[PDB]
Amino acid sequence: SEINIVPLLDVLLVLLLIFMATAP
Amino acid sequence: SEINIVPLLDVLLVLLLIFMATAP
Amino acid sequence: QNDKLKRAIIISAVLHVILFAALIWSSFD
Amino acid sequence: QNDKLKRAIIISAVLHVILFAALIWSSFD
Amino acid sequence: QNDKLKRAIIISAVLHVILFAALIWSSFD
Amino acid sequence: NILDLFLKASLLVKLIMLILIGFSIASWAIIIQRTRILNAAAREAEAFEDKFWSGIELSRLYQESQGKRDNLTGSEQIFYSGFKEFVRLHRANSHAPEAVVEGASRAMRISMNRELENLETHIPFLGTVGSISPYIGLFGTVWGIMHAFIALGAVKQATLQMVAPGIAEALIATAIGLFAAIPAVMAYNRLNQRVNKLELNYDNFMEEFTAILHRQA
Amino acid sequence: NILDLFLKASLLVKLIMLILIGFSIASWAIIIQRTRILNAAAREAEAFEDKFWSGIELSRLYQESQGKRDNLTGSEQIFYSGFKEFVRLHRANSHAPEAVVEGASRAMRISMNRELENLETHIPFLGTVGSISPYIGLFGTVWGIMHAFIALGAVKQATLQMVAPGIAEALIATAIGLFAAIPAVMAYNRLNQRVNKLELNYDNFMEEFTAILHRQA
Amino acid sequence: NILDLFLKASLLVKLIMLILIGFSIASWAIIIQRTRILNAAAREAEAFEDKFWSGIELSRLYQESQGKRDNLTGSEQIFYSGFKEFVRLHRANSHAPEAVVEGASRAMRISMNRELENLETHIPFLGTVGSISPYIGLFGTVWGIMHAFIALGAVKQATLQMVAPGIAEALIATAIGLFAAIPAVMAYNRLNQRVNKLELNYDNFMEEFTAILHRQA
Amino acid sequence: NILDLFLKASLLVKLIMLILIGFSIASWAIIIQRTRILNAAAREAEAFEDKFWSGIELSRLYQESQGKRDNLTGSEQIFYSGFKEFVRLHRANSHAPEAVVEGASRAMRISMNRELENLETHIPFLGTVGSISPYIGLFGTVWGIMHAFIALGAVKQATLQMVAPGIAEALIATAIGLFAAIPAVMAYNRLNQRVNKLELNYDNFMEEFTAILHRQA
Amino acid sequence: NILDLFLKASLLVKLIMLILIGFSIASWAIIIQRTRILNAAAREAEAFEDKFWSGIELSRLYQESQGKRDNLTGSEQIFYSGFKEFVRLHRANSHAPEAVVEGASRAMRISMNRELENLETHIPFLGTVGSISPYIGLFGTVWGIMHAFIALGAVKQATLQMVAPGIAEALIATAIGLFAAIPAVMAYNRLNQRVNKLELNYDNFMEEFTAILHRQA
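Residue numbers (the deposited numbering), protein chains in the order written: chain F, 14 to 37; chain G, 14 to 37; chain I, 7 to 35; chain J, 7 to 35; chain H, 7 to 35; chain D, 5 to 221; chain C, 5 to 221; chain E, 5 to 221; chain B, 5 to 221; chain A, 5 to 221.
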């Protein structure tokens, strides 16, 4: 009985791409 | 032998916070 | 133990309702 | 055992206070 | 024993080479 | 403005949030109820273990147990059923000793199985909550972000402030998921350990009592 | 539509989506198939366990068991194999009484192992699916994200209108992965618990039958 | 500086910080207090085992043990209980040797179980704290990210002050969560392997004592 | 595309990728090798276990084994060692049954230990690879991000589009690390489960053979 | 550059770096020290195993061991202690053969435990270092980034170009931690495996010598 938060990296990368895309 | 995921999540969160702080 | 289970359910429900209401009220402020 | 628990709690509290003071001092430098 | 290990090593190597070649090709598309 | 965010969210997000709240409410009460039962059972077993080996004759113990009728629970029920069937088979004519011993042993096994089944109720439900809770929240967050981008795509030219409120509303589900997930994971292991520790004592007591009665006949 | 997004996707994304859909279908089929068998086995075992202790002579039970020999299962099969080995060894050779009991015990153990192996089919695949699917989804998303970063590295003055379809396609893979991974985890533990609870009845019956065979040997 | 950010944060973040601080204090106290008890138990066990193999008559040791009966602990209590049960059984009704051997064995087992239960306390709490420590920090970081995104949604252009609180609260939550988890991880296995070696010494002593008692009767 | 990024990478990143690829190749080779050996050992053990209980005299089996006069594998080795020890130990030294039984059992234990050691090679390498692999990927990611940020400050123009490639390199490194890591982590447990069952079967066979030898003393 | 890094770094940043460097040096020194000791122990054990089976009478081996005097390690120490205890117990003529055999076995067990404890020194420090190292680096990185962000708000002339040198220096902390932690796990596993290998040889020799000594009684 543990906690799996593996899919959270997906959301982190998706959100990270937004800031880079709208940089200029 | 089990996969340790916490350090990767911490590094990703740190990078995301760094990118967010530079928005303004 | 069934009546004790119902009492525990009621106590948990009322405590959760009170805590959530307090958190929501403090969130606006 | 309970007295040992109280002594351990007191020691831990003193150590935590000292560590917090050291952290606050190091935050300025 | 050793010959079987060598054969398994060769099979793994060729499979990995094929997989990497397939992955590289998909990048141009 | 948490209430405003809850009202503004789509149907699926609200449904998932209600489901998670229901799981949390159902989860707390089970732990609160089961801890007391396990704690009481431990001391009752210790007390009965203390009383049995005092050197008192078995007939006196049976006479004491007769009055308490159905109030007997735990190892007391085991002793009552075992001695009852032992006496019933012994008073029958033309009896082999080993047959009577086995007849008592099967009753002891049945009683112990019933007691364990009664004790271990509702425990497996916590593991399902602890293992499924975060996934639903992540699914809700992904769905919310997907529809946020779908709504953003309607206008091809937009800035971050056009989509920023949508993302913040989506991340609500994962927090509630983790909040519901943590306590069940915390409590399940301790409950299982207590159950196993209690079962071992009953096994040992049954073995010793079966061994003792063999020399009686 | 989703079909349009599937069509415009490259080979890798299509393959990943097809694999995930296949895993979902296989998991549902396995759960549905295994539930009925695990339900029927317990009923048959309980019925035979109730029938056995009626006090009928073992020879009559063995004679009746030969009528439907090709369709026996569970405790009936265990008892049939044990009795057959016992009678063959006793009436075909002259040895010490302990050797016959040892051979009967070995035959019963082998039969029980075969029965458990037949009962425990196709279970670990659910656990493998549950432990594998999220990583496949993450890889499928990371591929697209890396390609989007490579594309954005060369272009200038991005308006967030060119990379939106990439995010829209990437999110669906993770959503499908989570949906596939949800039910296998909850099915696995329940099925394992049922099998573990079923093993003890066979163990107890083997011990009791060996003890019974010892006396009449 | 840190106090400014802590005060500026909402109440939920402060509650999470307080919970983490409490867990850290409790873990430190338990780790401090367990080692002295373990070392004292080991030294006492070795010291008592030294005197048992010196050729002194067992009757003299039993007489000496009575003088401090109420304060007996460690390996000394097992011998006391075993010898008391053996002498009581032998002095009464002239029981068979197997009966007195089994009585000594059961008394020794009960005493050993009680002693091991006394030794192992609060150890699983450290493991639970070490396992579940960082996820509360992740909860806090998620809430901080949500607050930062909500702040970024203002109509006006964002500034440093508008996004200052969320970043600070998330960083503080992560830092405290990481800080609270080190000692439990560093101490759990070292504390468990300490008891795992005393159990073996107790088992060996029990076997030797039973073997010695076998010849006397 | 990606090949250009790999060509433009630094030395340490390329070395890390090569090391990870080599580890993956070695792990896959070992995994492919071990399974056939395990299955062959299982079937060979089952065949000889079946051959033992057919009823043929043990002397004939020993004569056939000696006539083979070659290295054996599985349960055949244990029987040969035990019988060879028994043949000399029965006539020589003490004729008490306990001494001969213990002497045969010691040889059986030694043979079991050496066979188990010979069957369990190259397994811990998979575990150590699974434990160590992700940290190298994280090291590569951190190094890439550090160099990307260091290079940015050397120019007057500050654009994130200039920083974009380093993130892609870091993500590639992390993905390769996880891909190398996972399969060994699964295979370690998947392989240990089989060795446990083989050990149990060997122990049961040893117990049966020891009883059979003892009953004729 | 190290002096520049230390000058530019504040408190709680250089202390962590010094601790990590010390841990790396200590781990390397411990590994280098222990490899030779283990190799020499293995060679000496093999040599004495070769010597024992030469057919020389036990008495002559005893004078050879006495000629060696104080300098004895492992099997030599076990044999010397066992023979000394056996002779001392036998000369008294006040104990049964089983008593003297048990007394002889106890001394050998104690000597074996002491030798294993002497061999197994300093191993757990490697495990502690490997388990702890990354988290200290993460804590240092978080603290450094917090300080860098805090110092930025003081100057209102901030630019995205001027923060890159400050951000770059913070991440050096975690790389050192990972580099320190990498070899510790592999060294720990290999050393533990070698110790486990030696334990079996010691146990086998102890059992064989106990049987041989009991034979002459």
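Quick reminder that beta carbons are idealized off the backbone N, C-alpha and C, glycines included.
Buried versus exposed, by CB contacts within 10 Å (16 or more), residue i
i: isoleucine 176(D); result: buried
i: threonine 145(C); result: buried
i: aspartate 23(G); result: buried
i: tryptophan 31(J); result: exposed
i: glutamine 197(E); result: exposed
i: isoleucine 24(I); result: exposed
i: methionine 166(A); result: exposed
i: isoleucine 41(A); result: exposed
i: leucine 123(D); result: buried
i: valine 19(F); result: buried
Proximity below 8 Å, CB of residue i to CB of residue j
i: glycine 181(C); j: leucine 22(C); result: no
i: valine 105(E); j: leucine 195(E); result: no
i: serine 135(C); j: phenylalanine 27(C); result: no
i: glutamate 89(A); j: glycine 107(A); result: yes
i: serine 31(D); j: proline 169(D); result: no
i: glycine 86(A); j: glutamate 48(A); result: no
i: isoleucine 171(C); j: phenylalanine 183(D); result: no
i: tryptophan 147(B); j: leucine 16(B); result: yes
i: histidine 126(B); j: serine 14(B); result: no
i: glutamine 37(E); j: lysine 12(J); result: no
i: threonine 35(F); j: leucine 19(C); result: no
i: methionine 112(D); j: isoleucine 140(D); result: no
i: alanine 185(D); j: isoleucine 35(D); result: no
i: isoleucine 149(C); j: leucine 26(F); result: yes
i: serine 69(D); j: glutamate 53(D); result: no
i: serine 115(A); j: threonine 214(A); result: no
Residue-level contact to chain F via CB, residue i, 8 Å cutoff
i: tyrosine 139(E); result: yes
i: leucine 29(G); result: yes
Cβ of residue i within 8 Å of any chain A Cβ
i: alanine 36(G); result: no
i: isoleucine 18(G); result: no
i: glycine 26(B); result: no
Contact with chain B by residue i, beta-carbon distance below 8 Å
i: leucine 11(H); result: yes
i: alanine 46(C); result: no
i: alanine 191(A); result: no
Residue-chain proximity (residue i, chain I), Cβ-Cβ < 8 Å
i: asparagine 5(D); result: yes
Closer than 8 Å to chain G by CB, residue i
i: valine 24(F); result: no
i: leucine 195(B); result: no
i: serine 135(B); result: yes
i: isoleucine 186(A); result: no
i: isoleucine 180(E); result: no
Chain D within 8 Å of residue i, Cβ atoms only
i: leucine 93(C); result: no
i: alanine 27(I); result: no
Chain E within 8 Å of residue i, Cβ atoms only
i: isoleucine 171(D); result: yes
Short CB-CB distance (under 8 Å) between residue i and chain C
i: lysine 18(D); result: no
With a threshold of 8 Å, are at least 3 pairs of Cβ atoms found where one atom belongs to the region 150-164 of chain E and the other to the region 128-140 of chain E? no
If we count Cβ pairs, one from each stretch, closer than 8 Å, do we get three or more for the region 55-62 of chain B versus the region 98-105 of chain B? no
Would you be able to state if there are at least three C-beta pairs under 8 Å between the region 15-22 of chain H and the region 67-76 of chain E? Contact between the region 67-76 of chain E and the region 15-22 of chain H is absent, because fewer than three Cβ pairs lie under 8 Å.
Is the region 195-206 of chain C close to the region 163-178 of chain D, with three or more CB pairs under 8 Å? no
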